[PDB]
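Report on the following structure.
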Ligand SMILES: CC(C)CCC[C@@H](C)[C@H]1CC[C@H]2[C@@H]3CC=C4C[C@@H](O)CC[C@]4(C)[C@H]3CC[C@]12C
Ligand SMILES: CC(C)CCC[C@@H](C)[C@H]1CC[C@H]2[C@@H]3CC=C4C[C@@H](O)CC[C@]4(C)[C@H]3CC[C@]12C
Ligand SMILES: CC(C)CCC[C@@H](C)[C@H]1CC[C@H]2[C@@H]3CC=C4C[C@@H](O)CC[C@]4(C)[C@H]3CC[C@]12C
Ligand SMILES: CC(C)CCC[C@@H](C)[C@H]1CC[C@H]2[C@@H]3CC=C4C[C@@H](O)CC[C@]4(C)[C@H]3CC[C@]12C
Ligand SMILES: CC(C)CCC[C@@H](C)[C@H]1CC[C@H]2[C@@H]3CC=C4C[C@@H](O)CC[C@]4(C)[C@H]3CC[C@]12C
Ligand SMILES: CC(C)CCC[C@@H](C)[C@H]1CC[C@H]2[C@@H]3CC=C4C[C@@H](O)CC[C@]4(C)[C@H]3CC[C@]12C
């Protein structure tokens, strides 16, 4: 069965990711890599604090944005993928905008104008306050948290490397 | 008046020392009395021979000191042990020396003599509470308008120095209690002193605003013992969630603090502030999930039952908000909170969107206005879910550091608005020379420049707008001046993405390295404020809470009409209070011996 | 509570022995590195023939294991000596 080969490669992609991630366990013998691993394992609590801060902004803007661009739509799985998909990749940089202008059905030469729904041109404003809350507030709070975290536990990560 | 008739001869001696200290020129106590605006009974209603001769009576001084600690602070003095009929009672002479040492102690702060206040603090009882009250009233009395004037200059200053001395002294007696026994210190700090209207000492620290006392780990051990119902079994978040999800399968199997003993253990479990906090967190999570499933799904032509469930849910939330506003604290206390204003604007956003839905249920445009009104309720309700993160240790100082860092965020917005409005007006005027003004030119100013900071440098769309037909991306254009939009775009992304954002980075690094420890001490003050807020919470969660307000209406049936209200309080043992007082005296003598040895062991001495 | 200060100050005395142990290693690193490497590979017969760096790891002394003379002994225990 070719479908069983597709299930076998989709099961083995986890084995690829976990085996190449388990190749990082031989880096503890190096002098310049081992305290960076112990400092990353100390810094993962600040990573989890950043995930717990960003999940508020992502779930709120995703439910409000996917409800606002589709007023007249029944609930399905694809609305939940439309909540959880696009907002993320708008933090990391791809501000999908043409695709939002195509989804919004706005026919103006200006990129949010001459739309059908009059309330549909507020997706930018929520997108504007979302990228100010994500790409100018929380990520740079990580930067300040990583600087205070590394200047805290650099020598303790060195003694744990010994 | 019978209040002066019940005052003994030592109260007239302290009033004679107040009249003797007030007869000196440039005295701060006569300016304190002349700016008090109070009566001779101590009420602040603003007879003249009683207001001239007996104006320095000790009940009026104690009411001025209870006003000078806080707005809701009060003291209680009993002179009825000073009668001769109670001379055969055991310990009435010891309580007489304790009450006289407390009155001469409060006079010794009131004359700002430090060593006499140390002597009346050492011979007095309840030393930690009196040191906290002293340090608060001397730190507030140094910064007061009755002590304004140059001739009371250094008594403004150095007594404030002496105020910090009592703060350091109070911490060390707690450290001496943490030197001796943690369980006896937890029995110490849950003890309600009867002279201060039966208030525990951590509430005296919060009303006295001592952030150095509240950041101590022994006080945090007392506050985390005041979390979890004082039960030493379920302390994790997931263990309390598994105990709340399965109550019958966990609570007989859990450790203790018959059927009545298991019912008392379950009543001790559900009167915990952590259990009411995780019930309010679960009710707010079910609220945000069910309003997410409401706003993502399409509204029908009639009213749905989920809209009636949201109406009953936010009607119980509005009844709990009006019960917290009107009958609990006051309007000015409830308006000072940030999260109460966020709760009021999500009540107003739900009622505006529900009135926009229920004005015309058959119009699809009214459903579009109702979903566009309810998107604010989605954003503000999920943003109000961040207010339950203050109980976590690793999240609360990140919230106080973000609230400190928002001024640097607003400085970055005030720096970037110059570059964005200048490049937006110059760029939209330069790509469209021959165009009349409309709304779309203003959207073309305010739209594209922003998203060119965050990364999408729209460029093809600018090459399509510029009508340049070259194979090179800005060449063979119609207007010869139209190929300078790159150059303005180049100096704009150097001014935005290489100057101002990295100035934020340097501002956040200096901001976090400034106020990290102050955000930690503010998290300790918000930890006792959240524990005192959820200790006085109703035991039901939020859609049951209006029904629990109906149980408060049953308290209205105990109030005036039936008037059958029966209440009681637990009375502590006299042997346990004598053991706590002997523990306080032994820890205070051990700390003053160790602090005299540490002061003699310094290099300068 | 009555064994309070003997809880505390003996812990202070515990840190005194930790500082004392580092300095005898520093005195060995004051004298000869090869004699210190012959010292720290020696198995003491009263402690079930265990070398002293395994006594440091079972004793969890992170101040002793962060010394450069112990790291010279550990890098001599790397590469087969
Ligand atoms: C300041 C905020 C937080 C308070 C609440 C404001 C909300 C409820 C108001 C303010 C401005 C309003 C919009 C103004 C104009 C229009 C055009 C109309 O054809 C459809 C509704 C729509 C799109 C309104 C929707 C609701 C709206 C967004
Ligand atoms: C919430 C705080 C930060 C400010 C509130 C700003 C909101 C309420 C304002 C700011 C700009 C406004 C928009 C500006 C212009 C238009 C186009 C019009 O055809 C319909 C309304 C609409 C889409 C407005 C909706 C409400 C709006 C989004
Ligand atoms: C310094 C920072 C805050 C710049 C300010 C950004 C704000 C004011 C800008 C950025 C993007 C803009 C939006 C872009 C597009 C549209 C659609 C249009 O049909 C109505 C106006 C509206 C909704 C704009 C309102 C103002 C807006 C939200
Ligand atoms: C150095 C700066 C700050 C001083 C002022 C320089 C300005 C006014 C000058 C310098 C170079 C000039 C450009 C040079 C050549 C052309 C091509 C011509 O077919 C149309 C005008 C145009 C596009 C000029 C516009 C004005 C211009 C931009
Ligand atoms: C202001 C300071 C920083 C430097 C000034 C640089 C300005 C004046 C210069 C630098 C590069 C120049 C451009 C270079 C080439 C062309 C193409 C030509 O067909 C028309 C003029 C035009 C579009 C120039 C306009 C003026 C210009 C933008
Ligand atoms: C290290 C940094 C400063 C690199 C320097 C960037 C400058 C010199 C570059 C970046 C992009 C460039 C522009 C890109 C496109 C055009 C359109 C063309 O018709 C005339 C030249 C002009 C206007 C260029 C002038 C020079 C320019 C502004």
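Chains as they are written, first to last, in the UniProt record's numbering: chain E, 892 to 1053; chain D, 487 to 532, 546 to 756, 787 to 1134; chain Y, 649 to 729. Positions of the beta carbon are idealized from the N, C-alpha and C atoms, including for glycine.
* To the nearest whole angstrom, what separates the beta carbons of residue 1048 of chain E and residue 962 of chain E, a pair I think is in contact under 8 angstroms? -> As a working note, residue 1048 of chain E is residue 157 in the first chain. As a working note, residue 962 of chain E is residue 71 in the first chain. About 52 angstroms separates the CB atoms of residue 1048 of chain E and residue 962 of chain E; that is not less than 8 angstroms, and the two are not in contact.
* Taking C-beta pairs closer than 9 angstroms, name the residues in chain Y that residue 573 of chain D reaches, listed in chain order. => In the second chain, residue 573 of chain D corresponds to position 74, counting from 1. The contacting residues do not exist; residue 573 of chain D stays about 34 angstroms from chain Y at best.
* To do: For the region 672 to 696 of chain D, enumerate the residues whose C-beta is nearer than 8 angstroms to any C-beta of chain C, in chain order.
  => In the displayed structure, chain C is absent; the protein chains listed are E, D and Y.
* Asked: Closest Cβ-Cβ distance between residue 645 of chain Y and chain E: below 9 angstroms?
  -> In the structure displayed, chain Y extends from 649 to 729; residue 645 of chain Y sits before or after that span and is not available.
* **Status (buried if at least 16 other CB within 10 Å, exposed otherwise) for residue 1026 of chain E** => Against the first chain, residue 1026 of chain E aligns to sequence position 135. Looking at its Cβ environment, which holds 16 or more other Cβ atoms inside 10 Å, residue 1026 of chain E is buried.
* **the region 497 to 508 of chain D touching the region 964 to 981 of chain D, judged by at least three CB pairs closer than 8 angstroms** => no
* Indicate whether at least one CB of chain E lies closer than 9 angstroms to the CB of residue 977 of chain D. => The sequence position of residue 977 of chain D within the second chain is 448, counting from 1. Residue 977 of chain D counts as touching chain E.
* Asked: Can you find a heavy atom of ligand 4 that lies under 8 angstroms from the Cβ of residue 1010 of chain D?
  -> Taking the first residue of the second chain as position 1, residue 1010 of chain D is located at position 481. Yes, Cβ of residue 1010 of chain D sits closer than 8 angstroms to a heavy atom of ligand 4.
* Asked: Nearest to residue 665 of chain Y by alpha carbon, out of Y/711, Y/726 and Y/718?
  -> By one-based count along the third chain, residue 665 of chain Y stands at place 17. Looking at the Cα atoms, Y/711 is the closest of the given residues.
* Proximity winner among D/670, D/1129, D/748 and D/794, relative to residue 730 of chain D (alpha-carbon distances) -> Within the second chain, numbered from 1, the residue matching residue 730 of chain D stands at position 231. Among D/670, D/1129, D/748 and D/794, the Cα nearest to that of residue 730 of chain D belongs to D/794.
* Asked: Can you list every residue whose CB sits closer than 6 angstroms to some heavy atom of ligand 3, going in chain order?
  -> E/1003, E/1004, E/1012, E/1013, E/1015, E/1016, E/1019, D/942, D/945, D/946, D/949, D/972, D/975, D/976 and D/979
* Can you tell me which of E/1032, E/986 and E/1051 puts its alpha carbon nearest to the alpha carbon of residue 982 of chain D? => Working through the second chain from its first residue, we reach residue 982 of chain D at position 453. Selected option, being the one with the closest Cα: E/986.
* For ligand 6, any of its heavy atoms closer than 8 angstroms to the Cβ of residue 960 of chain D? -> Position 431 of the second chain, counting from 1, holds the residue named residue 960 of chain D. Answer for residue 960 of chain D: no, Cβ out of range of ligand 6.
* Could you name the residues of the same chain whose beta carbon sits closer than 7 angstroms to that of residue 1093 of chain E, not counting the 5 residues immediately before and after it, in chain order? => Since the first residue shown for chain E is 892 and the last is 1053, residue 1093 of chain E is missing from the structure and cannot be characterised.
* To do: From the DSSP output, in three-state form, read off residue 698 of chain D for me.
  => Counting from 1 along the second chain, the entry for residue 698 of chain D is found at position 199. Residue 698 of chain D falls in the strand class under three-state DSSP.
* Asked: Where residue 889 of chain D and residue 959 of chain E are concerned, what is the direct C-alpha to C-alpha distance, given to the nearest angstrom?
  -> Along the second chain, one-based indexing puts residue 889 of chain D at 360. Along the first chain, one-based indexing puts residue 959 of chain E at 68. C-alpha separation (whole angstroms): 19 angstroms.
* To do: May I ask you to report which of helix, strand or coil DSSP gives residue 551 of chain D?
  => The residue you call residue 551 of chain D lines up with position 52 of the second chain. Coil at residue 551 of chain D, not helix or strand.
* To do: Tell whether a beta-carbon distance below 9 angstroms holds between residue 613 of chain D and residue 661 of chain D.
  => Your numbering for residue 613 of chain D matches position 114 in the second chain. Your numbering for residue 661 of chain D matches position 162 in the second chain. Contact flag set, yes.
* Run through DSSP, which three-state label would residue 575 of chain D get? -> To locate residue 575 of chain D, count along the second chain from 1; it is residue 76. In the structure shown, residue 575 of chain D sits in coil (DSSP, three-state: anything other than H, G, I, E or B).
* Please check if any C-beta of chain E sits within less than 9 angstroms of the C-beta of residue 514 of chain D. => Mapped onto the second chain, residue 514 of chain D falls at position 28. Not an interface residue.
* Could you tell me whether the Cβ of residue 1045 of chain E comes closer than 9 angstroms to any Cβ of chain D? => Reading the first chain from its first residue, position 154 is the one you call residue 1045 of chain E. Cβ-Cβ to chain D under 9 angstroms: no for residue 1045 of chain E.
* Cβ shell of residue 536 of chain D (< 7 angstroms), same chain only, five flanking positions each side left out -> Between 532 and 546, chain D has no modelled residues, which means residue 536 of chain D does not appear in the coordinates.
* Asked: Do residue 1035 of chain E and residue 930 of chain D have their C-beta atoms closer together than 9 angstroms?
  -> Position 144 of the first chain holds residue 1035 of chain E. Position 401 of the second chain holds residue 930 of chain D. In contact: residue 1035 of chain E and residue 930 of chain D (Cβ atoms closer than 9 angstroms).
* Asked: To the nearest angstrom, how far is it from the Cα of residue 742 of chain D to the Cα of residue 519 of chain D?
  -> Taking the first residue of the second chain as 1, we reach residue 742 of chain D at position 243. Taking the first residue of the second chain as 1, we reach residue 519 of chain D at position 33. Each residue's alpha carbon lies about 57 angstroms from the other.
* To do: Measure the CB-CB distance between residue 694 of chain D and residue 625 of chain D and report whether it falls below 9 angstroms.
  => The residue labelled residue 694 of chain D in the question sits at position 195 within the second chain. The residue labelled residue 625 of chain D in the question sits at position 126 within the second chain. Against a cut-off of 9 angstroms, the Cβ pair of residue 625 of chain D and residue 694 of chain D comes out as a contact.
* Could you give the distance in angstroms between the alpha-carbon of residue 569 of chain D and the alpha-carbon of residue 1080 of chain D? -> By one-based count along the second chain, residue 569 of chain D stands at place 70. By one-based count along the second chain, residue 1080 of chain D stands at place 551. Those two C-alpha atoms are separated by around 33 angstroms.
* Asked: Using the beta-carbon of each residue, which ones in chain D are nearer than 9 angstroms to residue 984 of chain E?
  -> As a position in the first chain, residue 984 of chain E is number 93, starting the count at 1. Within 9 angstroms Cβ-Cβ: 983, 984 and 985.
* Asked: What residues from chain E crowd round residue 713 of chain Y, counting only those whose CB sits closer than 9 angstroms?
  -> Here residue 713 of chain Y is taken as the residue at index 65 of the third chain, counted from 1. The answer, in chain order, is 1050 and 1053.
* C-beta contact flag for residue 542 of chain D and residue 656 of chain D at 9 angstroms -> Coordinates for residue 542 of chain D are absent; the numbering of chain D skips from 532 straight to 546.
* To do: Taking 9 angstroms as the cut-off, decide whether the C-beta atoms of residue 699 of chain D and residue 709 of chain D are in contact.
  => What you label residue 699 of chain D is simply residue 200 of the second chain in a count that begins at 1. What you label residue 709 of chain D is simply residue 210 of the second chain in a count that begins at 1. Taking 9 angstroms as the Cβ cut-off, residue 699 of chain D and residue 709 of chain D do not qualify as a contacting pair.
* To do: With a threshold of 8 angstroms, establish whether the CB of residue 1023 of chain D neighbours any heavy atom of ligand 6.
  => In the second chain, counting from the first residue as 1, residue 1023 of chain D sits at position 494. The answer is yes for residue 1023 of chain D.
* To do: Could you list which residues in chain D have their beta carbon closer than 9 angstroms to that of residue 969 of chain E, in chain order?
  => The residue labelled residue 969 of chain E in the question sits at position 78 within the first chain. By Cβ distance, chain D contributes nothing, its closest Cβ being about 11 angstroms from residue 969 of chain E, past 9 angstroms.
* If we ignore side chains and look at the alpha-carbon of each, how far apart do residue 560 of chain D and residue 617 of chain D end up? -> Start at 1 with the first residue of the second chain, and residue 560 of chain D comes out as number 61. Start at 1 with the first residue of the second chain, and residue 617 of chain D comes out as number 118. Cα-Cα distance, rounded: 20 angstroms.
* Out of D/941, D/1037 and D/678, point me to the one whose CA is closest to residue 1112 of chain D's CA. => Start at 1 with the first residue of the second chain, and residue 1112 of chain D comes out as number 583. Of the candidates D/941, D/1037 and D/678, the one whose C-alpha sits nearest the C-alpha of residue 1112 of chain D is D/678.
* Could you tell me how far apart the beta carbons of residue 984 of chain D and residue 984 of chain E are, in whole angstroms, since I believe they sit closer than 8 angstroms? => Here residue 984 of chain D refers to the residue found at position 455 when the second chain is read from its first residue. Here residue 984 of chain E refers to the residue found at position 93 when the first chain is read from its first residue. Rounded, the Cβ-Cβ distance is 5 angstroms, consistent with contact.
* To do: Could you round the C-beta distance between residue 886 of chain D and residue 828 of chain D to whole angstroms and report it? I think they count as a contact, below 8 angstroms.
  => If you number the second chain from 1, residue 886 of chain D lands on position 357. If you number the second chain from 1, residue 828 of chain D lands on position 299. Confirmed, about 7 angstroms.
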